[PDB]
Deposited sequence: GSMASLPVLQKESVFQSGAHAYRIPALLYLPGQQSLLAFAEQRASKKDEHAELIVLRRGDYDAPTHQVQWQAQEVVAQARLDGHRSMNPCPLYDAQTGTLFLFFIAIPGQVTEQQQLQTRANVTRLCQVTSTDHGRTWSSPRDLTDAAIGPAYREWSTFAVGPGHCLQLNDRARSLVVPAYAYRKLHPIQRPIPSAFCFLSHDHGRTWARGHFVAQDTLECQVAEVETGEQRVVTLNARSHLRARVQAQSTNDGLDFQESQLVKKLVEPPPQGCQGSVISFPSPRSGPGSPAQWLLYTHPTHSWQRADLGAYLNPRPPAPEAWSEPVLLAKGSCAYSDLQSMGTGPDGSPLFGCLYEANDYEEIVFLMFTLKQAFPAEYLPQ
């Protein structure tokens, strides 16, 4: 497999089990925040990591529970972090469900002004963000994984998500991805329009001039579903299967996507299991002509063996001068969450 700068297990089964990773890079801090669900999802835990380039290593600090990220009598899950470059405020969106076909799922948000050391009490955004549609869903979720902040005038916040809709009384709820939008730095929220039928966990990234929001979602088909928004996430008109991006047997697996400075304005990177018959062999895919579906490359092998959920983060310029990437993924039959750090040069030397 591909040689990288670092490969370290940052979460592993012990008194508890860990799943559903989310990674967040803090530019001016040369630091990363690794989030995960702590299952008996009971709570959300976090680990802070400081990146030292000279040693090509991130040093991770002790694991700590995000105390405020919970609603009394509910389980917290799907950590979705975001760093506001405008205010220097950290956001952590998550889902809260009763300790135990009516919708009882809640959308929550906690914030930190000291880079994740301490958090505010949670804000239940459910009613104001979803409105009437709430009763038309069996449940919903955000992410999991890092969110997006657009470089539009308002520096809008974009939270990838999906909802199980009760479209027909005799049919089971059908999932459709969409984005929650805020144009006032998280004070108020709006529900964006749904992308095609049968789309689940997704992530968004912004490319390029025309501003385009690309959405990459998990589907129940043999390939990923990709959608494009030309109006900052409100509408995802274009939508199609991406045959080159395979989805494993059961009902696919969650994957991650980010944008990053092109060596030549931006390219896309995507990670997801590459075996067509199982969740194994984490692969990295490059799209040098985003968001063109046929431009997705062949996958490069990042990790052999059992691999599931993942999350990416652009970490700036790497030691070899090329784009540096951080990746957090579930491995070994969910026995752990591994942190992988590598550059574009290491993974796609021909590009």
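Asker: Could you please spell out the deposited residue ranges that have no C-alpha entry in the coordinates?
Answerer: Missing CA coords at 1-4, 45-50, 111-119, 228-229, 286-291, 379-382.
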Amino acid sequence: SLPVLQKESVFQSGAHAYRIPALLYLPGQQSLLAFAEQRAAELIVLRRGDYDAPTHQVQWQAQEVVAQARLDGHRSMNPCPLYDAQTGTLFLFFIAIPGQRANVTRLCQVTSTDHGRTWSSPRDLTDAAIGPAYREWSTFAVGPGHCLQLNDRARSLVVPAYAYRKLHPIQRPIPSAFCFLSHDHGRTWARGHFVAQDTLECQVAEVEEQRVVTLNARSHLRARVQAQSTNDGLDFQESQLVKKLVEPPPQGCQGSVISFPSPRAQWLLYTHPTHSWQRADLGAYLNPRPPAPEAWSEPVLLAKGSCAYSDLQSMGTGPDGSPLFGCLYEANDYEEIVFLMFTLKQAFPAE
From here on, numbers count along this sequence of modelled residues.
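Between two forms, the rigid core is defined as the largest C-alpha subset superposing within 1.5 Å.
Asker: Do the Cα atoms of 74-82 or those of 171-179 sit farther, on average, from the shown form in 9 other deposited structures of this protein after fitting on the core?
Answerer: Once the core is superposed, the stretch further away in 9 other deposited structures of this protein is 171-179.
Asker: With the rigid core held as the alignment frame, decide whether 156-164 or 243-251 lies farther from the shown form in 9 other deposited structures of this protein, in terms of RMS C-alpha distance.
Answerer: Higher root mean square deviation of C-alphas in 9 other deposited structures of this protein is shown by 243-251.
Asker: Does at least a third of the other compared PDB entries (those resolving both flanking residues) leave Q100 without coordinates?
Answerer: Across the other compared entries, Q100 is absent from at least a third.
Asker: What about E209, left without coordinates in a third or more of the other entries of this protein that model its neighbours?
Answerer: yes, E209 frequently unmodelled elsewhere, at least a third of entries.
Asker: Can you tell me which stretch has the higher mean Cα B-factor, 85-93 or 220-228?
Answerer: Mean C-alpha B-factor is greater for 85-93.
Asker: If you take the mean CA temperature factor per stretch, which one wins between 321-329 and 54-62?
Answerer: Here the higher of the two C-alpha B-factor means belongs to 54-62.
Asker: Check the PDB entry and point out which of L26, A295, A303, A40 has the largest C-alpha temperature factor.
Answerer: That would be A40, according to the entry.
Asker: Which one, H183, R101, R123, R106, has the peak C-alpha temperature factor per the PDB entry?
Answerer: Across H183, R101, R123, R106, the entry lists the biggest C-alpha B-factor for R101.
Asker: With respect to C-alpha B-factor, does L32 fall in the lowest, middle or highest third of the chain as deposited?
Answerer: Ranked within chain, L32 CA B lands in the lowest tercile.
Asker: Using the B-factors in the PDB entry, rank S176's C-alpha atom against the chain and give the third, lowest, middle or highest.
Answerer: CA B-factor rank for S176: lowest third.
Asker: Based on the deposited C-alpha B factors for this chain, I'd like to know if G192 is in the lowest, middle or highest third.
Answerer: Middle third, going by the recorded CA B-factors of the chain.
Asker: Determine, from the deposited record, the chain-internal third of the Cα B-factor for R279: lowest, middle or highest.
Answerer: It belongs to the middle third of the chain when residues are ordered by C-alpha B-factor.
Asker: Comparing against every modelled residue in the chain, figure out the third that the C-alpha B-factor of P249 lands in (lowest, middle or highest).
Answerer: As the PDB entry reports it, the C-alpha B-factor of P249 lands in the highest third of its chain.
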